[PDB]
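Have a look at the structure below, then the notes.
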RNA sequence: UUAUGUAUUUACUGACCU
Ligand SMILES: [Zn+2]
Ligand SMILES: [Zn+2]
Ligand SMILES: [Zn+2]
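Chains as they are written, first to last, in PDB author numbering: chain y, 2 to 101; chain t, 295 to 309; chain v, 1 to 276, 277A, 278 to 366, 367B, 368 to 647, 661 to 672, 674 to 692, 695 to 830, 834 to 1061, 1062A, 1063 to 1068, 1078 to 1217.
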């Protein structure tokens, strides 16, 4: 995300699998991470959609509910035509909070 | 054009 | 300030062309790409012509295009790879007549990048995968399948990435239901860029590489990788599996090579050069086209060298392995971008410059006479297999499809004294180049002539039965002559024919089976074989006015009005209705039309009255002589017509100045009168038949045909004069047509090219015409022709004589000096066989004064061998008197890459007497190529290149008067408004320069901030300058309101001038605009900037009047970017903002696709606009009606 | 008088977070 600067994206080739967002993060854009003007569906790679990882949230990794989208401001900057935006690592937040 | 709202009759006039 | 783009005659040059069963039937279709346009063409086999069926604007650059057939499939899907990061697979739906987008998958950022794929596109021949690949580093494989709804599906993109790797071409290796393989010519360059010795990048030969897709393992592996002992440029698929020896031919400079992996030894065949063609100092020879063909017995390849010499390559294999390849000189056509040989034996060639062609293949195979050679015959000493070029033997020309690409220079001028202006166009590359004159009318071609004396009023066209075509008679009357001529040969005045009645006649028609009605003073005739006339027409007195006939039913009037019908009996003779209205007089015209069904009355009555009124009356027996719906007209109609034109009955009145087009439906009459104008003599509306349907020829000062070409209502004029009448025509002398004269003669006409907008007429030229000027006294064109790599014909004659010399010198003892003489006096047409190419750095050039009426070389002046013209201006000096002058900027030894001129010249000519010839005056030298000449205040201004010099005449040579040296890189354009100079740099921009009267200085006082690469420009105001660039944009640079000129002459502002000018539009066109001109295309219209691009297209930029129009069309196209996205996926706002962001220009080619959606979308947009879709289509064609065609 | 290194509060940022 933009808030947690240590989160890294997957960035491999985007397949045909449509991204999903959890119930806690519905309406969030994936890159600019806002709520308004969703314009373009999320296509995620086949390694980040395999088996146990199907229909899972792009950001949280929770169980997905609705489809994921990019903003218009991510679309017209063509930040959707890079790799798949599946946030891979879980780092330094929601880990120490689990230990707290 | 017309009298009520100056709409274009465009020649069209009917009963 | 606020503009609006429209294309008038959209682009015609073809870059890619593919063929296949796109409709889904047995017959085949061509799909071509005009670059920005994607078109479907049907090669109509029986008549041989080529008909366009659909043309869409994809708003991208179609970087590659390829059709594929799904495994066990009927229809082929088109596959488009573009500047968007999108593969997009299209299906031609014939029903709705549009390209249904099947799928659209995103794989990288957009624009014509280097890394993301889209440039090269290969497909598996069975139809299971498709590879889209870039010029560097990355390739993608999609796996195509079909699922249970017989529907196409696409997997995730497989990856075939390979770093530091060029790709020259990629192709589908046929393997019959095996793992699909793709072959590509690669090159790895990392050791070529690591070693500064330079030789490591000199021995870095290509590799043929095969990518095999493990469908079992779902990834792409480099299977084979074999180097090449020469650099191949493109590959050709060989069919295989069961059909042939599966592999890839490799075309290359002077070679063709069959390679196939595993076991085939590499088969080399050196490319046949011509016998002793005079274009080779040292130059190789490549192919440019492939054109495979699978004739269900064997397979062959119609390859093509770069001159145009088509070869018939046939693989003849003794084993399952290949044995040896062999080829022969098939034929020669102009050089093509792509070929599609067709089953049913056609050959379509798409010349990249000039006209496209469709040939019928006459002698396929051609295995009878010709000296064919092969690969594996032990021939040494280079090529050693020659061929003598020859005219056509294997092909016959059938269709010449027209194109304006490349429009190199253009003028809007009215030189031929016609009312509307004309487009004078330079066109073509090389010996196929042409000046082309374009008008707005239609191709009115006369096939026969007669000379009808007196002053005839009218003509009518009638047959024996409804079933024939000969059209047995043709009647012509003015007051008292009937003259019902025989239609065929020996057309001459008639005696009392089998249909003739009396002399003073006024109408005719076929009413019954063979029963004619002819009308005169004692009107009623009814004549089938016996002259069964019953001529009453006497309500006491009145006997002549206003005939109005149909095929089954009649309504005629007398002085009075709503009157008699005078029908017939369906088994017998005529009768009448005695129910009359008698209508206080008021009649100028009546007209009707009849339907193809109807065992009843089955028509509608329209009458036009002397008062400012028309009237429609339904005369069905229930509700007879009872008026139905009312009218409005300003002055007087003088004409009426009813017609049906689609596949709503289109009521066409005409008044004495303007014309209308209503939309009368049969029970209810919702009129909706479309309007348009036509001296202004009263128009006359005559229903004729073209192409299969009917239309109205409405006639005035000039004639106007109003025909519905795919429901578009082209109201296009005619190229002939005024003709005062019209009627239909059919005969075996010419199948359909129009006989149309009320003035002193008689013409049988044909309207041949009927879809298009412009009338091309071409005047052929020798070389590539750079630009031309217009001698304004006694209008004549003065053209400079210039071509790199070309001989001037003095060197052609010297080179031919030299060839003859060494052919009679090289051991002639044993003999044939016949060969040298026959070589000297047999001159091949260079427009047919390709011009010879003079190595490098040679430059042919001539100067041609030409009549723009007949198109004849009124004067021709050659130049020397390397002395190439670049700029021309006619002018009239001030120090000398009235006499004209011609200034021609010439360069010498230019060599254009790397650029090293040897300094140029400026020739001065006098252009005596009327302008018909051209006397030399003097020859001044100059130290860099004078690429811009411009008359200014009785002198000239010459851009030497970084140097702007004023000049004046001397009797020895030209004399400079000023000079400037602060203008940047290179001059390419100079235009003046008077007291100001606009200097177009070749790289930066427009530079304003002031010229002083008291001094002689040239002071730069304004420039622009953007680098632009300006190609041409035009002045619009005293301040603004509209210009265009090499990349495709159009800028308009308006000076700020202050910018005081008075600057007398060290810091600049940003390393430039001080008053930075500013930009008030940027717009992308996709093609290089080469001619911008401010003009008015239709009298009664308005000014509009006209751009003529390089790829043949012609467009306009149109200002908006008021902010309601601007805001309306802005919301229209802002809705259409949402509802109607472009075909390639290329985002329309980000196509028009390709290099610079768009500003204040509304793309009206997106707007005029409002008329191309299904009416659900149209109702969504129109109620989102709060209008109705006919109201929006009216408002949307008003602008094209007003400013343009 | 710009300035460092640190012990060190106070303010402030990211629609950060059950
Ligand atoms: Zn966003
Ligand atoms: Zn991923
Ligand atoms: Zn989430």
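All C-beta atoms, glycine included, are put in the ideal place defined by N, C-alpha and C.
Quiz prompt | Residues bridged to residue 249 of chain v (per DSSP) | solution = Here the question's residue 249 of chain v lines up with position 249 in the third chain. The partner list for residue 249 of chain v (beta bridge, DSSP) reads v:236 and v:258.
Practice problem: Out of y:95, y:84 and y:7, point me to the one whose CA is closest to residue 48 of chain y's CA. | Solution: Here the question's residue 48 of chain y lines up with position 47 in the first chain. Residue 48 of chain y has its Cα closest to that of y:84, out of y:95, y:84 and y:7.
Exercise. Decide if residue 826 of chain v is buried, meaning its Cβ has at least 16 other Cβ atoms within 10 Å, or exposed.
Key: Counted from its first residue, the third chain places residue 826 of chain v at position 810. It counts as exposed.
Quiz prompt | Closer than 7 Å to chain t by CB, residue 632 of chain v | solution = Position 632 of the third chain, counted from the start, is the residue given in the question as residue 632 of chain v. Answer yes: the Cβ-Cβ gap between residue 632 of chain v and chain t drops below 7 Å somewhere.
Practice problem: Return helix, strand or coil for residue 306 of chain v, following the three-state DSSP convention. | Solution: As a working note, residue 306 of chain v is residue 306 in the third chain. Residue state, collapsed to three classes: coil.
Quiz item: Quick one: is the Cβ of residue 58 of chain y within less than 6 Å of any heavy atom of ligand 2?
Solution: Within the first chain, the letter at position 57 stands for residue 58 of chain y. For ligand 2, not one heavy atom lies less than 6 Å from the Cβ of residue 58 of chain y.
Quiz item: Hey, is residue 32 of chain y close to ligand 1, as in C-beta under 6 Å from one of its heavy atoms?
Solution: Here the question's residue 32 of chain y lines up with position 31 in the first chain. Flag set: Cβ of residue 32 of chain y near ligand 1.
Quiz item: Going along the chain, which residues of its own chain have a beta-carbon closer than 6 Å to the beta-carbon of residue 410 of chain v, five neighbours each way excluded?
Solution: Against the third chain, residue 410 of chain v aligns to sequence position 410. Excluding positions up to five away in sequence, the list reads 425, 1103 and 1120.
Quiz item: If you draw a straight line from the C-alpha of residue 705 of chain v to the C-alpha of residue 596 of chain v, how long is it?
Solution: For the purposes of this step, residue 705 of chain v is taken as the residue at position 689 of the third chain. For the purposes of this step, residue 596 of chain v is taken as the residue at position 596 of the third chain. Using only the alpha carbons, I get a separation of about 15 Å.
Quiz item: Buried or exposed: residue 939 of chain v, going by 16 or more other Cβ atoms within 10 Å of its Cβ?
Solution: Translated into positions along the third chain, residue 939 of chain v becomes position 920. Looking at its Cβ environment, which holds fewer than 16 other Cβ atoms inside 10 Å, residue 939 of chain v is exposed.
Exercise. Check the Cβ of residue 109 of chain v against every Cβ in chain y and list those closer than 8 Å, keeping chain order.
Key: To locate residue 109 of chain v, count along the third chain from 1; it is residue 109. 79, 82 and 83, listed in chain order.
Practice problem: Would you check if there are 3 or more beta carbon pairs closer than 8 Å linking the region 748–763 of chain v to the region 882–899 of chain v? | Solution: no
Practice problem: Return yes when at least one heavy atom of ligand 2 lies under 6 Å from the C-beta of residue 126 of chain v, else no. | Solution: In the third chain, the residue the question calls residue 126 of chain v occupies position 126. Every heavy atom of ligand 2 is 6 Å or more from the Cβ of residue 126 of chain v, so no.
Quiz item: If you draw a straight line from the alpha carbon of residue 298 of chain t to that of residue 611 of chain v, how long is it in whole angstroms?
Solution: For the purposes of this step, residue 298 of chain t is taken as residue 4 along the second chain, with counting starting at 1. For the purposes of this step, residue 611 of chain v is taken as residue 611 along the third chain, with counting starting at 1. If I take the Cα positions, the gap works out to 26 Å.
Quiz item: Going along chain v in order, which residues have a C-beta closer than 7 Å to the C-beta of residue 306 of chain t?
Solution: Working through the second chain from its first residue, we reach residue 306 of chain t at position 12. Chain v residues near residue 306 of chain t: 685, 686 and 687.
Quiz item: Sorry if obvious, but does the Cβ on residue 641 of chain v come closer than 6 Å to a heavy atom of ligand 1?
Solution: Here residue 641 of chain v refers to the residue found at position 641 when the third chain is read from its first residue. Incorrect: residue 641 of chain v has no Cβ contact closer than 6 Å to ligand 1.
Quiz item: Three-state secondary structure (DSSP) at residue 977 of chain v?
Solution: Along the third chain, one-based indexing puts residue 977 of chain v at 958. In this structure, residue 977 of chain v counts as coil in the three-state DSSP scheme.
Quiz item: Of all the CB atoms in chain y, is at least one closer than 7 Å to the CB of residue 159 of chain v?
Solution: For the purposes of this step, residue 159 of chain v is identified with residue 159 of the third chain, where counting begins at 1. Output row for residue 159 of chain v: interface = yes.
Quiz item: Alpha carbon to alpha carbon, what distance is there between residue 708 of chain v and residue 645 of chain v?
Solution: Working through the third chain from its first residue, we reach residue 645 of chain v at position 645. Working through the third chain from its first residue, we reach residue 708 of chain v at position 692. Using only the alpha carbons, I get a separation of about 10 Å.
Quiz prompt | Residue span of the alpha helix (DSSP H) that contains residue 865 of chain v, given as start and end | solution = As a position in the third chain, residue 865 of chain v is number 846, starting the count at 1. Run containing residue 865 of chain v: none in the alpha helix (DSSP H); it sits in the beta strand (DSSP E), 862–869.
Quiz item: Do the region 19–30 of chain v and the region 711–718 of chain v make contact, defined as three or more Cβ pairs closer than 8 Å?
Solution: no
Self-check item: Stretch pair the region 36–54 of chain v + the region 113–123 of chain v: three plus CB contacts closer than 8 Å
Solution: no
Exercise. Please decide whether residue 106 of chain v counts as near chain y, where near means a Cβ-Cβ distance under 7 Å.
Key: Here the question's residue 106 of chain v lines up with position 106 in the third chain. Output row for residue 106 of chain v: interface = yes.
Quiz item: Do we get a CB-CB distance below 7 Å when we pair residue 92 of chain y with the residues of chain v?
Solution: Locating residue 92 of chain y in the first chain gives position 91, counting from the first residue. Answer no: the Cβ-Cβ gap between residue 92 of chain y and chain v never drops below 7 Å.
Quiz item: Are the beta-carbon atoms of residue 133 of chain y and residue 72 of chain y separated by less than 7 Å?
Solution: Residue numbering for chain y in the displayed model covers 2 to 101; residue 133 of chain y lies beyond these limits and cannot be assessed.
Quiz item: Just curious, the beta strand (DSSP E) that residue 741 of chain v is in, first and last residue?
Solution: Taking the first residue of the third chain as 1, we reach residue 741 of chain v at position 725. Run containing residue 741 of chain v: 740–746, per the beta strand (DSSP E) assignment.
Quiz item: Taking just the CA atoms, how far does residue 240 of chain v sit from residue 306 of chain v?
Solution: Start at 1 with the first residue of the third chain, and residue 306 of chain v comes out as number 306. Start at 1 with the first residue of the third chain, and residue 240 of chain v comes out as number 240. Rounded to the nearest angstrom, the two C-alpha atoms are 28 Å apart.
Self-check item: Counted within 10 angstroms of its Cβ, other Cβ atoms place residue 1179 of chain v as buried (16 or more) or exposed
Solution: Translated into positions along the third chain, residue 1179 of chain v becomes position 1151. Its Cβ being crowded by 16 or more others within 10 Å, residue 1179 of chain v is buried.
Exercise. Go to residue 1205 of chain v, then tell me how far its beta strand (DSSP E) extends in each direction, as first and last residue.
Key: The sequence position of residue 1205 of chain v within the third chain is 1177, counting from 1. Run containing residue 1205 of chain v: none in the beta strand (DSSP E); it sits in the alpha helix (DSSP H), 1201–1215.
Exercise. Find the nearest neighbour of residue 234 of chain v within the set v:257, v:213 and v:215, judged by alpha-carbon distance.
Key: Residue 234 of chain v sits at position 234 when you count from the first residue of the third chain. Nearest of v:257, v:213 and v:215 to residue 234 of chain v, Cα basis: v:257.
Exercise. Please name the residues in the region 6–19 of chain y whose beta-carbon is closer than 8 Å to at least one beta-carbon of chain v, in chain order.
Key: 14, 15, 16, 17 and 18
Self-check item: Top-ranked residue by Cα proximity to residue 302 of chain v, from v:378, v:1039, v:25 and v:348
Solution: Position 302 of the third chain, counting from 1, holds the residue named residue 302 of chain v. Out of v:378, v:1039, v:25 and v:348, v:348 has the C-alpha closest to the C-alpha of residue 302 of chain v.
Quiz prompt | Option nearest residue 387 of chain v by Cα separation, candidates v:328, v:589 and v:417 | solution = The sequence position of residue 387 of chain v within the third chain is 387, counting from 1. Ranking the options by Cα distance to residue 387 of chain v, first place goes to v:328.
Quiz item: So, helix, strand or coil for residue 98 of chain v, using DSSP?
Solution: Within the third chain, residue 98 of chain v is the residue found at index 98, counting from 1. If DSSP states are grouped into helix, strand and coil, residue 98 of chain v belongs with the strands.
Exercise. Give every residue of the same chain whose Cβ lies closer than 6 Å to the Cβ of residue 608 of chain v, excluding the five residues on either side of it in the sequence, and list them in chain order.
Key: Residue 608 of chain v sits at position 608 when you count from the first residue of the third chain. Closer than 6 Å at the Cβ level, and outside the excluded window around residue 608 of chain v, lie 588, 589, 614, 637 and 640.
Quiz item: Any Cβ of chain y within less than 7 Å of the Cβ of residue 216 of chain v?
Solution: Here residue 216 of chain v corresponds to residue number 216 of the third chain, with the count starting at 1. Output row for residue 216 of chain v: interface = no.
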